[PDB]
Structures are given as C-alpha cells and as structure tokens.
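Data block below; observations after.
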Amino acid sequence: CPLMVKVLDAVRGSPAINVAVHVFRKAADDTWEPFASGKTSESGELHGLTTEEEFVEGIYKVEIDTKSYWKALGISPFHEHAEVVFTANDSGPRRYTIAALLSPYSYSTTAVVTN
Amino acid sequence: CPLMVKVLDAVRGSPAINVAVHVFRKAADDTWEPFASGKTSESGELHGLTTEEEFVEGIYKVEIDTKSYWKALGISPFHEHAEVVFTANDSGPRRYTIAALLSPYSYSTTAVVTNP
Amino acid sequence: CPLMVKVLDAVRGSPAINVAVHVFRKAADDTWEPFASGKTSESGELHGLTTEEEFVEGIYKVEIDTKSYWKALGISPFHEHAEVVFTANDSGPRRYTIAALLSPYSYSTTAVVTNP
Amino acid sequence: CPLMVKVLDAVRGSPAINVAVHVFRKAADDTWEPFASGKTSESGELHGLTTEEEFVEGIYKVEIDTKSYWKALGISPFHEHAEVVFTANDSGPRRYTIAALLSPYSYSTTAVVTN
Ligand SMILES: COc1ccc2c(c1)c(CC(=O)O)c(C)n2C(=O)c1ccc(Cl)cc1
Ligand SMILES: COc1ccc2c(c1)c(CC(=O)O)c(C)n2C(=O)c1ccc(Cl)cc1
C-alpha cells in the first residue's frame with residue numbers, strides 16, 4: 001500500500017470516519033486526472049487507494065471532502081476541502097501516509113514518507 | 001482589506017517571507033479564474049490582495065507557493081503548495097485572514113473570519 | 001513587548017477571546033515561579049505581559065487556559081491547557097509571539113521569534 | 001493499551017523515532033508523579049506505557065522530549081518539550097492516542113479517543 005490517507009477530527013478527538021477522499025494525478029496537459037478515491041474507515045483511514053505499479057512518480061492531489069464531513073456533524077466548515085498536492089518521487093522504496101487533522105476552520109496535513 | 005494571507009515558517013519560527021500567493025475564484029463554468037496574487041512581506045503577511053468591491057461571493061482558492069519557499073531555503077519539501085479553498089461572503093462580506101504554518105512535510109491552514 | 005501570546009479558535013475561525021494565559025519562569029531551584037498572566041483580548045492577543053527589562057534569560061512556561069475557554073463555549077475539551085515551555089533570550093533579547101491554535105481535542109503552538 | 005503516544009516529524013515527514021516520552025499523573029498534592037515513560041519506536045509510536053488497571057481517571061501529563069529530538073537532528077528547537085496535559089475520564093471504554101506533530105518552532109498535539 002504505497003499511499004494511505006489518515007484523517008482525524010480535532011473537534012471530537014476521533015478518526016474522521018466516512019470522509020470522501022479523491023486522489024488525482026496531474027496529467028501532461030496540467031489537468032487533474034481522477035486516480036483513486038474512497039471513504040475513510042472507522043479508524044479514519046483509507047487504504048488500498050493504489051498499488052506500487054500504479055503509483056508512479058508524478059504530481060498527486062489528495063482531496064479530502066472535509067466540508068461534507070463537517071456538514072454531517074452539523075458544524076459550519078470554512079474549507080471546501082483539504083487539498084494535499086505533492087510530488088511522488090521514486091528514489092528508494094517509499095510509502096506515503098497523508099494525514100489530515102481536521103477542524104472546522106483549520107486543517108493541518110502531514111506526510112509520513114517511509115521505507 | 002477583506003482578504004489577508006499570513007504565512008509562518010515552523011522550522012525557523014519566523015514569518016515566511018516572499019512566499020508567492022495566488023488567489024483564484026471559481027468562475028460560473030467551474031474553472032479557476034485568476035483573482036489576485038502577491039508575495040508575503042517581511043512580516044509574512046500579504047495585504048491588499050483585493051477590495052470589498054472586488055471580493056464578492058464565491059469559492060476562492062488561495063494557493064501558497066510553499067515549495068519555492070522551502071527550495072529557496074535548501075529544503076526539498078513534500079507539498080507543491082498550501083492550498084486553501086473556501087466559500088467567501090455567503091452570509092455577507094466578511095474579513096478573511098488565511099494563515100498557513102509551514103513545515104517541509106506538513107502545513108496547517110487556518111482561517112480567522114471576522115464581521116466588519 | 002518582547003512576549004506576546006496569540007490564541008485562535010480553530011472551530012469558530014476566530015480569535016480565542018478572554019483566554020487566561022499564565023506565564024511562569026523556571027527559578028534557580030527548578031520551581032515554576034509566576035512570571036506574568038493575562039487575558040487574550042478581542043483580537044485573541046495578549047500584549048504587555050512583560051518588558052525588555054523583566055523578560056530576562058530563562059526557561060519560560062506559557063500556560064494557556066484552553067479548558068476554561070472550551071467549557072465557556074459548551075465544549076468539554078481534551079486538554080487542561082495549551083502549554084509552551086521554552087528557553088528565552090539565550091542568544092540575547094528576542095521578541096516572542098507564541099501562537100496557539102485551539103480545537104477541543106487538539107492544539108498547535110507556534111513561536112515567531114524575531115530580533116529587534 | 002489504554003494510552004498510546006505517536007510522534008511525527010513535520011520536517012523530515014517521518015515518525016519521530018527515539019523520542020523520550022514521560023507520562024505523569026497529577027498527585028493529590030498537585031504535583032506531577034512519574035507514571036510511565038519510553039522512547040518512541042521506529043514507527044514513532046510508544047505502546048505499553050500503562051495498562052487499563054493502572055490508567056485510572058485523573059489528570060495526566062504527557063511530556064515529549066522534543067528538544068533532544070531536534071538536537072539529535074542538528075536543528076535548533078524552540079520548545080523545551082511538548083507537554084500534553086489532559087483529564088482521563090472513564091465514562092464508557094476508552095483508548096487514548098496522544099499524537100504530536102513536531103516542527104522546530106511548532107508542535108501540534110491531538111487526542112484520538114476511541115472505544
Ligand atoms: C492574525 O491571525 C493569525 C493567525 C495565525 C498566527 C498569527 C496570526 C501569528 C502572529 C500574529 O500575526 O499576531 C502567529 C505566530 N500565528 C501562527 O502561529 C499560526 C497558527 C496556525 C496557523 Cl494554521 C498558521 C499560523
Ligand atoms: C491515531 O494516530 C495517529 C494520529 C496522527 C497521525 C497518525 C496516526 C499518522 C499515521 C502514520 O503515518 O504513522 C499520521 C501521519 N498522523 C499525523 O499526521 C498527525 C496529525 C496530527 C497530529 Cl497533532 C499528529 C500527527
């Protein structure tokens with residue numbers, strides 16, 4: 001699993017569950033091509049988005065539908081989403097965990113890139 | 001000054017200076033139309049992006065060029081940018097302070113929204 | 001004004017107003033001696049905690065009463081406080097902006113340190 | 001495992017490995033009593049700090065030696081540490097993950113409290 005998304009809820013101190021996540025790869029014409037998507041699990045995790053063969057070097061956008069999440073909880077969100085855009089660079093072997101910590105008017109995102 | 005961007009460097013504990021910031025507004029055809037852009041000052045602040053008149057309702061995207069920032073400091077960062085997308089002025093005009101806190105492999109973005 | 005505290009509410013996208021902030025300085029006997037305290041203003045800022053003369057080298061602890069803040073807003077928060085401990089003025093006097101961003105179950109604390 | 005500490009490095013995008021973590025419980029005389037400690041693993045995780053029998057309701061301080069971590073990497077840190085102070089409240093069953101995201105001049109901490 002070369003790309004994992006973890007989403008947490010800083011309001012309730014919980015995994016952010018059932019959050020729609022879309023992954024896009026930047027196409028040669030500079031447009032975002034849908035690549036993978038899912039909903040975060042009960043652990044606020046989204047596994048199996050892609051495989052190592054599919055996850056080639058490129059620019060990726062991870063779009064987390066944070067707004068729908070906050071709408072489900074009845075809390076007015078600021079952001080339309082959380083958009084995590086990064087270069088997957090092959091180098092040595094790598095696994096990407098895109099973590100998002102969500103608040104209504106704030107999100108933080110971090111990459112954990114490991115061997 | 002209804003839209004301000006404040007960028008901080010979490011490695012140096014300083015304002016993130018001369019960070020390029022691009023603001024786009026979602027057009028009727030769902031494309032991102034260039035709305036405004038600028039550089040953060042020495043205080044890591046970007047003022048005068050827009051006006052009360054120009055800053056109408058819409059979905060705005062603030063794209064903060066964090067990559068070029070980190071690269072100029074000799075760091076290869078993870079993200080291409082910090083990018084804040086939001087509906088502005090849905091309940092009437094508000095003042096928006098978009099703050100980004102930057103680390104090479106992480107950023108947070110927060111909004112202070114106030115009613116003038 | 002060598003020490004400023006800025007508290008933001010990440011739920012409301014607003015300054016965190018009337019947040020009690022206690023500053024302690026580590027004494028020679030390793031105890032935390034009360035150094036200064038105050039409330040954040042309407043802008044979520046706390047100015048005038050100390051002076052250049054008073055704010056000597058040391059290890060300082062800034063304790064932000066986030067719990068009472070969230071409780072007054074009807075939220076039972078996780079943390080008792082946001083609490084920033086740091087060595088101040090080791091390389092000579094600096095200006096410190098301690099910023100805290102608050103969510104009921106999370107906070108970030110950042111320092112902007114500048115040379116006057 | 002009723003209390004888990006996870007520490008990440010926002011500079012290198014990695015688990016924060018070998019970070020000393022001390023857990024304290026507030027004693028009746030209002031002093032911090034050492035309760036548990038460890039060093040974060042290769043996954044930046046600290047498991048087995050306590051047991052459900054030991055982890056009674058109370059006020060806990062999780063102190064993360066962030067400064068030593070940054071000193072090891074040769075990066076000048078702002079904070080002496082990251083001090084996470086919270087009330088463990090029994091309620092229904094609970095597991096506490098104290099996560100810290102570390103930058104030299106910034107730390108964020110989040111609680112993930114689950115069943
Ligand atoms: C006026 O609104 C803000 C917002 C955030 C601020 C600040 C001011 C100042 C200082 C000031 O301008 O007074 C600092 C040091 N801030 C941060 O540390 C910070 C925290 C979270 C994020 Cl996501 C981004 C930046
Ligand atoms: C429930 O347990 C957590 C909590 C946070 C986590 C992770 C796992 C992983 C999983 C991993 O990559 O190992 C990443 C990347 N997390 C973060 O980004 C993060 C976000 C906010 C804070 Cl305050 C601290 C850390």
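Residue numbers begin at 1 in each chain, while the letters A, B, ... track the order of the sequences.
Judged purely by distance below 3.5 Å, without hydrogens or angles, the side chains of D/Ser108 and C/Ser108 never pair a donor atom with an acceptor atom.
Counting only heavy atoms from C-beta outward, the side chains of C/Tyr105 and D/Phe86 never approach each other to under 4.5 Å. Inter-residue side-chain proximity for C/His79 and D/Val85 is flagged as unmet; no heavy-atom pair is nearer than 4.5 Å. Between D/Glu83 and C/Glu63 the shortest side-chain heavy-atom distance does not fall below 4.5 Å.
For C/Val113, the part lying under 4.5 angstrom from a heavy atom of chain D is the side chain only. Of the atoms belonging to C/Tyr96, it is side-chain heavy atoms, and not backbone ones, that fall under 4.5 Å from chain D. Neither the backbone nor the side chain of D/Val112 has a heavy atom closer than 4.5 Å to any heavy atom of chain C. For a residue to count as touching a neighbouring chain, one of its non-hydrogen atoms must lie under 4.5 Å from one of that chain's; by this rule D/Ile59 touches chain C with the side chain only. Heavy atoms of C/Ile98 lying under 4.5 Å from chain D belong exclusively to its side chain.
Within a 6.0 Å radius of CD in D/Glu52, other residues, nucleotides and ligands contribute 12 heavy atoms or fewer. Atom CD of D/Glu42 has 12 or fewer neighbouring heavy atoms from other residues, nucleotides or ligands inside a 6.0 Å radius. Open room surrounds CD on D/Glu53; 12 or fewer heavy atoms of other groups in view lie less than 6.0 Å from it.
The shortest heavy-atom contact between C/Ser106 and D/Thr109 is OG-O, 2.8 Å.
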Using side-chain contact (heavy atoms from CB on, under 4.5 Å), reason through C/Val84 and D/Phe78 one step at a time and then give a plain yes or no.
CA-CA 9 Å; C/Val84 196; D/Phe78 173 75; 3.6 Å; yes
